[PDB]
Every structure is written in structure tokens, then in C-alpha cells.
Amino acid sequence: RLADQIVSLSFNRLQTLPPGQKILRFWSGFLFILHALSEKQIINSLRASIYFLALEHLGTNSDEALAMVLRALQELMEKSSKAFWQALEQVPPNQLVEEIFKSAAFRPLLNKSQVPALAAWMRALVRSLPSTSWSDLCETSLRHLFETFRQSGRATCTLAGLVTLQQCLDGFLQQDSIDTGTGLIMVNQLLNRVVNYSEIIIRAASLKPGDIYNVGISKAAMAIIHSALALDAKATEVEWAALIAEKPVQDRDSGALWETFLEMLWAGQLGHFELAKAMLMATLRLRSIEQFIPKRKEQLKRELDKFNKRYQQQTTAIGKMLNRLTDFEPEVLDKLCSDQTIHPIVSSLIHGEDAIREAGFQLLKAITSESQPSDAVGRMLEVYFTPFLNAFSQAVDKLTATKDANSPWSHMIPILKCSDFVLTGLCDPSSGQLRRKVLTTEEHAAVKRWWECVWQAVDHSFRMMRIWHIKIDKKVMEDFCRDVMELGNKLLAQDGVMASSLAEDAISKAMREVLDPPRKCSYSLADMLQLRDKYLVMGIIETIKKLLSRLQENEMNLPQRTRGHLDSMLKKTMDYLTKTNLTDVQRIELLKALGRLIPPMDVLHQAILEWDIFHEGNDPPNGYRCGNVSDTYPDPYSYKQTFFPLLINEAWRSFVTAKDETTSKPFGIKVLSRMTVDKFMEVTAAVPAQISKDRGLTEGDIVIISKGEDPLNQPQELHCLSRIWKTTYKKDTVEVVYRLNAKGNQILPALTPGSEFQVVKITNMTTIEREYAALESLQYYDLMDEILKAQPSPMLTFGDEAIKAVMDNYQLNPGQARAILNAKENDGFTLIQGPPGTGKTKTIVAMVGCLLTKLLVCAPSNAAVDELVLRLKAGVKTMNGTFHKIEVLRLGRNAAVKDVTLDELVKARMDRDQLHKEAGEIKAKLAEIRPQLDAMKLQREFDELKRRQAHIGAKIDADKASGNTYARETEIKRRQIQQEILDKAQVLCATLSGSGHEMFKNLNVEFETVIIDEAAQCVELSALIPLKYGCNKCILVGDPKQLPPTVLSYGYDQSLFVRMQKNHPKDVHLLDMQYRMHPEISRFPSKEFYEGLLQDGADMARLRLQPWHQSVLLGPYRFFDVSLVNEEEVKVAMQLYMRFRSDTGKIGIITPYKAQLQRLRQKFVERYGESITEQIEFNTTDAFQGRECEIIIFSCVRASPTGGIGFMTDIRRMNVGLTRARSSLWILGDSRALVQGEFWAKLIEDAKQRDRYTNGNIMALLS
Ligand SMILES: Nc1ncnc2c1ncn2[C@@H]1O[C@H](COP(=O)(O)OP(=O)(O)O)[C@@H](O)[C@H]1O
């Protein structure tokens, strides 16, 4: 019946067009039957033609009938397409579409046509066909919809053509793999059809929404643009991943395709936010693809060159895309960043291609408006903490996961720079985000993930050097290795911040999770010590030592492969298994730290900073008792146990004595970041430049902290001590990181960001730290037994002709020649003891001419060093009568010494606008072009003027980054200039503390013989400093006296000389003569100090005859009787000098205290001008040691109390001040404030019992 009605309606039998009512009735019946039937039943029964009769009936002249055959054919091909294309294999889809579309009744179906039926019909048509027939159909069908048929019908066919292109692009974009054979060329044909039909898509997407002709045109065109821009990137990625594996591809235009949809519009259209997001994910699709670099011996192939040109065009277009995005307003920009669209921007920051990286860094600068890269990254970490710290970790981790020969290289240079940017935006001690806020659950994970990511990137950069060294130059690899080493150092320097931010119990828990990423990058570190570079080995050694010390501190282990590689490298097995160029210092340093150096100083800081300075006792508040000197310590550790409280007590007495006479003004600090980092309450502040320059704020400088208005005399307030820990010279204001003590700090509740304090300074730790270093590293000296047992070299006697022979060489004495010859003969410690006028410095100078026929000569004050330098420079005579001249060097920091100073000798051998003009000029063109814009020709200019502003701004930032290269190469020249100077010099002179500098560990020095002058006027741990450098012969010369017998029999500072003198007094070269002092100036401090044994020189009364002693009041000796100021002595000294002037280098005025020294200098400079600063030497007793003048004016303030702080030092002060003159000594002071002291009372009694007293009004008595 169905076939009989088909035969009735067939054009084969009837040979005529049937009436349209029968046609529509028949196809409505077919629709009812097909709704009743099933697809499997259609394939089984209906397929076994009705389809050909449908094609014949599709040519009727009725609009309704043509609509029913179209709806029918849609239902047939949708319900089962396999039978549809099996039963119609004779007719192609081309002829199907042409036969349907050439019908004369189809035009009013279009005209009389919430999508229309034809759009869904063509969706079913495209989905019903295989991929291989997609292209040829399109070559008709789109050409028939867009062009041949071209207004509701025109809008309908335009919508239809957009639907075809969208359906084909979505079909190709949803595939799991595009094959390299026919698949790539049909994708290429579709993309060429998209490029050809681009203008119609542009006018389609430019339509206004809500229009009567917009039936879905704009959304379809937008989806077409999105899918085309995704498919271009996917095709390029597929082609790259094919030709990098040496596979056949085939023998497109991505730049033009990106450029067309760029140049359509981006501001001033609907959905520009969505277009920008789609373009950003499209450029995220291809973020780890790099151009091809040929090998050194090989050449580039043809296909790789063609791919390089194509990739050049594509990356230029992508860079123009990213540069165009910096015209949006900040509101939509921060909406785009905050909102999965930040990942392409952050990945563009890393990229190795120049255009994409420059465009991304400009976009990052434009979003936050912080016009600097590190400031931009800091502001991004401030606003978007977890999105940015996740995007950076993902973008870096995506590229450092595989180590092969196809690994990218140009991406590894700007990974380190961005890691440095994040680190100095995250851990700065004033602008650090980790010093300001507490961390929640998500931020902890973000910071942890960034830590693991950056250490993995450093490990990947170090590991694959060998596979990279076959295709690049030598200089880029050397500079790359140096940069990676410096980044590793900067990364490992900041682990305490992570431990005390990512958490006393949880501190160790957080620290244990910080040191796990550095353990992975350990074998890579212990492989770069084999190179022939001299700068890299220093940094690798430092990083290995710091990592191993921190790992052994917190209780863990090193990887076994790193230890095995280090073990098979520095041990003899007789040669080494791996040839190195290491020295003998690095080998010892490693072979130790692994299992003569500088120890840590972190318990000393807490022991001195847990103190209250206003304690009224004579002992420290903590438990530190002393008074035990056993003189025969047979062990270094018992020596350490004895001499550590002997160091703490000395520091306490120095602190109190410096609190008495501080002479420093206070300054105010404001807290910038409070944080319990590295166990101490490390507070930071920004001190102005003028205060830091005026007060000399260096590291190791000790200050007070108080809330009081005058922190030196308010003990009732809230206060503590601090040590300056790190000083950084910023632009103007110095950044100072004070360290505190959070174990009883009274200001600790009052500590708050924004709390202005008042701070005054006391002393420096440098000598105490050097004494600690000498105490701890005494265990590796070569003079162990002589230091511990206090045994000098034995005494022995010479013949009576060589003594006269050496006496007749330097014109010496029988006391000063036997010592010369004995110290020439034997080795070890030789002791020479004399009062302050014998000639001990004269003996030492003749020793140098005796020994040199290099040397280190040391003295505990600077004045004795200056005297030794001048005497050793003036003239040297050998042991033949010959006048030679040796080379002199000063290892310190006077006028004549300034020409032989090591700091001056090293320094003497040592001695942007174009880019700024381009950036200012290029910014002027952007202002004119943008206001003129708000068309095609203009947009090419505004895209090419703005790329040079990206290019110049990259060159401006690269100018600042080049300063690190100039700063490093300055340092290797300094270590080589220093080492040359240290070998040309014949004699070298320094202080006891200055010779133990930290800079002599990395240099090559060996001083086999040390000479110490004034060895008995210093603490015992000071003379143990310049003995580390292989010294095996030391000569100790000094003065074991300067204390009276009632005071000689404290114990915290005696000497090294005094212990040996009390242990072995039989072998000490005594010098009993004197050769400067008049018999009065030699007769009173004799009987006070030297028990009538200091005998005067031959006929010295006649030698000391200068006129002035013609007056009894102005003789060689006369005592004058008049809060460490005492202006009365200032007026009396002024009157005495005025009297002597009324009646060059021979007049000196001496005060024992710094405040009266300041008053003396102020008053004298006042009315006697500035010429008396050099005429009369104004210095204390601590700056006048070892020297002499003809006339001296001594003015002491007042006697310290007997049981109080001081006393011993004031007695030593008085005895230094008394015996500095050769002709005249004039002592001043009042009687009432001086009779409290015992020895001043003995002095004033000796003054009366020999007519040496002047009392009453001196000012009337002088006139
Ligand atoms: N044998 C000598 N003959 C002549 N003068 C001497 C002799 N020995 C020392 N002097 C003088 O004695 C003074 C001692 O000064 P110096 O040696 O610098 O201090 P000290 O004796 O404390 O080491 C020198 O000025 C020197 O001129």
C-alpha cells in the first residue's frame, strides 16, 4: 500500500508533477509512520527507493510540501544516518545539497521562514557526514549560502553559514588527536576557509543585540572566532610535537589569522571580556614551545628553518595580542585578574620568546601600576596572594619536569629573575608580606608549593648543564652557572623567615618542612666544584657548608649519593677518583664540616642582651663567678670553661664603664616589622642617613632601648639592650635590623608597629667576638704547650766578646744587647720586662734588622703600632753595619702611616640617558594616537609605536640588571690586588684585634714570627689573636708592673706576660736603666711603683737642662692644687699654659676621661684657635701609650671609689699618665675630691714632704 501510493505519486510512472496536497498528506503520513517506527526496524525492514522518491518529491513547487520533505529528510538522517548514506552512495552530499538548493520553490521557503528549521537541518547534515566529506561540501555549501544566494532570507542563510563553520570547527576541535596525514591538510583547508570568510564573520559579530535580524548571528560568530583561535594553537602544537620527534608531517598563516581578529576591534564591542579571556587561554595552549637552535658542528635542516619562520610570525602576532590588552580600564583588568585567566599572563612572564615576555611584563606593570618589576610582583603578592602563588608554581612546574635533548633553553634565563622578584617581594625585612600578616589554610599551602617549585627549578638548572654545553657559547654557560649559584645563595639565606612564618614546639615542625626542598638539590651542588673557575667554587663551598650546618642543626641527614660523590672526591684512594682544582683550605674546610675556622656567636648575644644595665652590683645578674687563675690549665676545654665567664664579666665591666662616660646622643626608632625570626625579636627600622653617618652605626654596635625620655638615667622605665645585626644602605635611609630579647622584655607588650622609641648606643662587640673566636679555635694552634703551661724559652749565657760586638753595632747597652742576641738565638716565647723608659721599642727595632739579615709586628693600641711603624720605616741596619731599607705595610684602618696602609695601597691601584630619551619620546606618540582613535592605518601605527616602548622598557630594566655583573667582577680584582700587595711587603704591622680580621681566611698569608709590644697592658685573650697564621716564634715585650703591690696581689684582666712572669721569673730580661725621665719624674713613681730599682741613666741631670726649670714654680715636677667634667682644672690648665706662653711637638695635655677631653679641646680650640690641635696633642691616656713629649700637663677629674666600678683601670690610667714626659710633668686637681683615693693621698703627701705643693688661689699665684 505504501509502495502502491508511492507508485501513484512517482514521477517515473505518472510522468508529471503531483498536486501539493497529496504530497503534504503523504509526507505527514510518513512522519506518523516514522514516529511509530524505530531506527533499528528502519535499518532492518524499511532500508530493504523511498529515499530516491523523497529526492524526487523535493522538487515540487509547493512551499509547504518542500518544508515537509525538509523536515522529513531531517528526521530520516537524524534517526539513522548509516542507512541514509548507504542507500544513497550513488549521489554525493555535494549533489544532494545542490539538488535541494537549486529548486525553484526553496526561495519562498527562505523568505517566509528561535532558530529556523534550515539551521538545525544543516546541523544534522554536518553531523551526519564523516570528516573526509566535510571540506568538499563546504566548498559548495558555504559558497551557496554566503555568496550565491546573497532581507530575512539573507539573514537566515547567513546564520546557516555561520552554523556550518561553527559545527565544522567544533567537530575538529573536539577530536582527541589531529593526524599528521590527511587530517592536518583538511584542518589547514578549514582554517583557510575561515580566513577567506573572515569579513562576513566580522560584520556578523559587529551586529547590535536585540535587532530584528539578529536571530543568533552574534553568538555564532563569536563561537567561530573562539574556536578558530583555539584550533590554530592546537594545530601549531601538534605540528611542533610531530617535527621535533623526526616524523613526516606534509609538504596556513597563523600570523594573518591572529592579526585579522585582532584588527577587527577590541574596545567598543559586546563580549570583549569574553574575547580577551578566550584569546588568553588560546595563547596558554602553546606556552612551552621554543625555536630550534642548530648544533655547533651541525647545520639547521630545511623543515626546521621553515618552522622557525612560521613560529616567528605566530609569536609576533601573540605579542601584539598581549600588547593590545593594556588599553582596558583598571576595573575590568583587576576583575580579570581576581574573578582562571591569570595563568596565561603569569606563564607569559616566564616565556623565552622576546615579544611574549616583554608584552607580559608590560601587562603586569600596567595592571598594578607599580612601574618596576619587583615592585609589581610585590604588589601582586599583596593583593592576590593565593592565585599568583599558584599560577607561578604551575607555570614554572610545567617546564622543569623533563630533562632530555629537546628541553627548552631560552626559558631558563628569566625563571631565575622572576624567582628573585618573588623572593625580594616576599622576604624583605620591611616590605615583606611574611612579616606583616598571619597565614590561613590556603596561604600556607601556596607558600609551601612556591618553595618546592623554586628549589626544583634550581635543581633542574644545575643538572642539565652537560647536555646543554654542546650547542651554546662558553661565556653564556659560565655566566649562567654564576647566576644560578647566586640565586641558590639568596634562596638559602632566608630559611628562618619561612620557619617562623609557616608555624617553640611548632617552630621546629615548620623548620623541618623548609629544609626538605634544599636536600633534593644537593647532588647538583656537589658536582660544580670540579670546574676551572675560581669564583664559582667559593659560592658552591659556602652553600654546601650552610646547608650541611643547617641540616645537622635541626636533626636530619644528607642524601647518600651527594655524600658518596663528595667522599670520592676529596680523599686519597694513591690519587683521587675525580680530578679537582681545589686548594688546601677548601679541602680541610669541607672534610671537617662534613665530619682554624670561625664559630657561631649566637649564645653570646643572648647572654649579653638578657641584661638590665641599671643593676647596682659589681657582678652580672646571671650566674657568672670568677677569681680562679690556676696558671697551668692542661687542656683547651677547661681553658674555655675558665675563660668564658672571664669574658662575660669583662664585657659587663666594659658595659658599665662605657655607660658612665658614653658621650653619645639618643635617636628615635619606629618599628617596621616585629618577628621572632632566628630566636631573637628582630625589630627593623629605617634610620636617616645623617644619624647613621654621625653616630657610626655599623654592625656589632650595641644600643639601649627604652620608653624613657632620657634612656641613660631613668632606671624606673621599661628598657633593655640591643645589638645592631644587619645594616643595609638603601636610597637615602639606612635599613637597620636590631635584635632583641623576648624573655623578660618590659617593652615587649608595648612593642607594636608604629611605636616611636628612644635609643642610645654604648659600645661594639668586635674585639669580644674576636676574643671568642681565638678562644674557640685555640685548639688548632702550633704553640699549644707554651700558651697553656705559660712556659717561655729558657735563658742561656753568651761569650763576653759577641756581647760587646753587638753593643758596638747599634750603640746599645749591656741590658739591651744580651736580649737582642738571646732572641736571635732561641725560638718560642722570650720575655723582656722594663719600666716605661728603658728602650724596649729600641730593642725591637734592632731585632728586625737582626732577623731580616716577612714579619708581623702587633701592639694592642693604635698609638704603639704607629710608633712601631714610624721606627721600622725610618731606618733599618743589618748585622754588618750596612744601612738598608725594608718595605713596610700597615694592616689597619697617622699622617706618615697613611702612605703604607693596606687600605690605601689596595685602593690606589684601583683608581642611560639614551634609553630615557627614547621612552619619553615614544610616550608622546601614544597620547596623540589614542585621542585621534577615539582606522586601519592608525591601528598599525599604534601597535608598532607601542612595541618599541615595550622594547625600550625592557632595555631600561636590563641596564639595572647589568650592575650585578659589574659588581661581581670588581670583587675578583680586589682579592687579586690584595694578594699581590701582601707578598711584596717585607714587614707588616697591626693591632692585636685588627690582625684577626675575617678577610684573612680567604687570602694566602703566613706570618711565621710575631712581635708584640706592650704585651703586659692587655687582656690575656687579646694576645692569642695573631698566632693562628703558623707562628712558631713570638717575642713578648712589655711592663708586668703599672699596678702597685697592694693592687697587684679582679683577676679578669691581668696579661699573658704576667702569668708567665709569675710562673717563670728566672728567664725574664730585666732592664733597670731609663733614658728619658728627669730624676724627679723618675723618683716619685719609682717609689710608688718600682721598688727603688729603676736606676737613672749616666749624667742625666745635665742632659735634661732646659731653661724653664729656672723657676721653682715651673720646675720639672710640681703638684698644683685647685660628673667627669671639672671645669676648674680646665681653667687651671689654661692659666698654666698662658703663664708658660707669657714667660712644637713637645707640649702635651692629658685627661683620663673623654668628657674632660672634649671640654679641654672645646675650650682650647675656643680662644687659642685650631692650630693648637696639632701644636699641643690633646689625647687621653689610652691614646698616648708608648709615646713621649718634653712637657706634659696632667689633669685628672676625680678618684673612683675603692669598691666601685673602675679603680684598677683608673690606677693604670694614672700610672700611664704620670710617666709620659721626659723633662716636665705638671699635675692638676682639687684636694677634696682626690683625698678619697688612697694613691692620690700618697701622691699629695709626697708632694708636701718635698716642697711640691702649691695651694690656694693659683690664678693670683701665677701672676
Ligand atoms: N742605649 C740607649 N742609649 C741612648 N738612649 C736610649 C738607649 N735606650 C733607650 N734610649 C732612649 O730611651 C727612650 C725609650 O723610648 P721607647 O723605647 O720608645 O719606650 P720604651 O722604653 O717604653 O719602649 C728612647 O727615646 C731612646 O732615645
# chains A, B, ... in the order shown; residues from 1 in each chain; ligands from 1

$ residues_near_ligand --ligand "ligand 1" --cutoff "6 Å" --atoms "only C-alpha atoms and all ligand atoms" --output "MDAnalysis selection string"
chainID A and resid 812:813 836:842 1075:1076 1186

$ residues_around --residues "residue 1201 of chain A" --least-positions-apart "3" --cutoff "12 Å" --atoms "only C-alpha atoms" --output "ChimeraX atom specification"
/A:1198,1204-1211,1233-1240

$ write_last_selection --atoms "C-alpha atoms" --output "PDB file, in the first residue's frame"
ATOM      1  CA  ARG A1198      88.454  62.661  90.496  1.00  0.00           C
ATOM      2  CA  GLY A1204      83.200  50.652  92.949  1.00  0.00           C
ATOM      3  CA  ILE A1205      83.338  50.061  89.216  1.00  0.00           C
ATOM      4  CA  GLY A1206      86.750  51.010  87.862  1.00  0.00           C
ATOM      5  CA  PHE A1207      89.543  51.756  90.380  1.00  0.00           C
ATOM      6  CA  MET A1208      92.046  49.294  88.858  1.00  0.00           C
ATOM      7  CA  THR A1209      91.642  50.842  85.403  1.00  0.00           C
ATOM      8  CA  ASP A1210      91.871  54.321  86.938  1.00  0.00           C
ATOM      9  CA  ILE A1211      95.115  53.352  88.699  1.00  0.00           C
ATOM     10  CA  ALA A1233      87.668  65.160  95.554  1.00  0.00           C
ATOM     11  CA  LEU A1234      91.070  63.432  95.363  1.00  0.00           C
ATOM     12  CA  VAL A1235      91.826  62.520  99.003  1.00  0.00           C
ATOM     13  CA  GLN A1236      89.112  59.845  98.751  1.00  0.00           C
ATOM     14  CA  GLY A1237      91.538  57.750  96.697  1.00  0.00           C
ATOM     15  CA  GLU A1238      94.434  56.172  98.575  1.00  0.00           C
ATOM     16  CA  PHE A1239      97.159  56.663  95.966  1.00  0.00           C
ATOM     17  CA  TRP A1240      96.209  60.280  95.277  1.00  0.00           C
TER      18      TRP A1240
END

$ select_by_dssp --residues "segment 1151-1219 of chain A" --states "alpha helix (DSSP H)" --output "count of residues only"
30

$ closest_residue --among "A:1077, A:859, A:819, A:972" --to "residue 534 of chain A" --atoms "only C-alpha atoms"
A:972

$ residues_around --residues "residue 276 of chain A" --least-positions-apart "5" --cutoff "9 Å" --atoms "only C-alpha atoms" --output "PyMOL selection string"
chain A and resi 266+271+281+325

$ write_last_selection --atoms "N, CA and C atoms" --output "PDB file, in the first residue's frame"
ATOM      1  N   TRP A 266      38.746  45.601  19.645  1.00  0.00           N
ATOM      2  CA  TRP A 266      38.825  45.002  20.969  1.00  0.00           C
ATOM      3  C   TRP A 266      38.230  45.858  22.073  1.00  0.00           C
ATOM      4  N   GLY A 271      31.001  41.669  24.577  1.00  0.00           N
ATOM      5  CA  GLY A 271      31.745  40.437  24.736  1.00  0.00           C
ATOM      6  C   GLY A 271      33.242  40.566  24.586  1.00  0.00           C
ATOM      7  N   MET A 281      43.341  32.023  26.913  1.00  0.00           N
ATOM      8  CA  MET A 281      43.501  30.565  27.000  1.00  0.00           C
ATOM      9  C   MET A 281      44.074  29.982  25.703  1.00  0.00           C
ATOM     10  N   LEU A 325      46.293  44.361  25.046  1.00  0.00           N
ATOM     11  CA  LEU A 325      45.444  44.227  26.226  1.00  0.00           C
ATOM     12  C   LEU A 325      45.667  45.328  27.260  1.00  0.00           C
TER      13      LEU A 325
END

$ residues_around --residues "residue 145 of chain A" --least-positions-apart "5" --cutoff "7 Å" --atoms "only C-alpha atoms" --output "number ranges by chain"
A: 157-158, 161
